[PDB]
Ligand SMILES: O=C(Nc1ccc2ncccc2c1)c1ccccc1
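Here we start with a single chain on its own, the form solved without the named molecule, put down as structure tokens.
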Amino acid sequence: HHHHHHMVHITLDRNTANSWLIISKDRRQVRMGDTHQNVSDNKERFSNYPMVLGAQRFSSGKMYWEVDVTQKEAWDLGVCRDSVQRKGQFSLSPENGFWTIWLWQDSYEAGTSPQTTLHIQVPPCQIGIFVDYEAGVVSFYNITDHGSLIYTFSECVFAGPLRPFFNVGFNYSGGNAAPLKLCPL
């Protein structure tokens, strides 16, 4: 791909974070803490899952960013509507306002309903995310494998402003403590 030149500087929005997340000073890294992180509750926080949004809102144009997933066992990445549900149980689907991929139990899947199996030969350590608002496209790239395509959502019906979306995953196994990191341009 030649999407790198639409690079945007993403930062994480603390106010949206699940109360167990720890976001770095520079707002570019996030990990699962081993307890509640001593913050007040608010209507923006994701309650049920270790999720957080980017601060940036996109309603036009082309945007690109990269995320480091090194030595994680589980995570979700992509974009979502600004108005997605925060409280309770929900599935990651375009019907619910999410355009995402994930790693879970040694398989990669796109968050369609029902989910779609991904075919990745080189497990990625960094993922590129490209959004073309006007075209209705969200694409994912394997930066570890020379930028190879992972998945494209097309004919997207965004129906609102978009925010970068992250899930660091639970750490029941003790093998998923590593952070998500926004990579430098």
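Start at 1 and count along the sequence shown; that's the residue number.
The following text describes the form deposited with the named molecule bound, which does not appear among the structures shown.
Taking the pose of the named molecule in the deposited bound form and superimposing the nearby C-alphas onto this chain, the site is open, with no ligand atom within 2.4 Å of backbone or C-beta atoms. In the deposited bound form, no heavy atom of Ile150 sits within 4.5 Å of the named molecule. Using a 4.5 angstroms limit between non-hydrogen atoms, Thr16 is distant from the named molecule in the deposited bound form. By the criterion of a heavy atom within 4.5 Å, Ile127 is excluded from the residues contacting the named molecule in the deposited bound form. A residue is said to contact a partner when one of its heavy atoms sits within 4.5 Å of a partner heavy atom; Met51 meets this definition for the named molecule in the deposited bound form.
Heavy atoms closer than or equal to 4.5 Å to the named molecule in the deposited bound form belong, across 145 to 183, to the residues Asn167, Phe170, ordered by sequence position.
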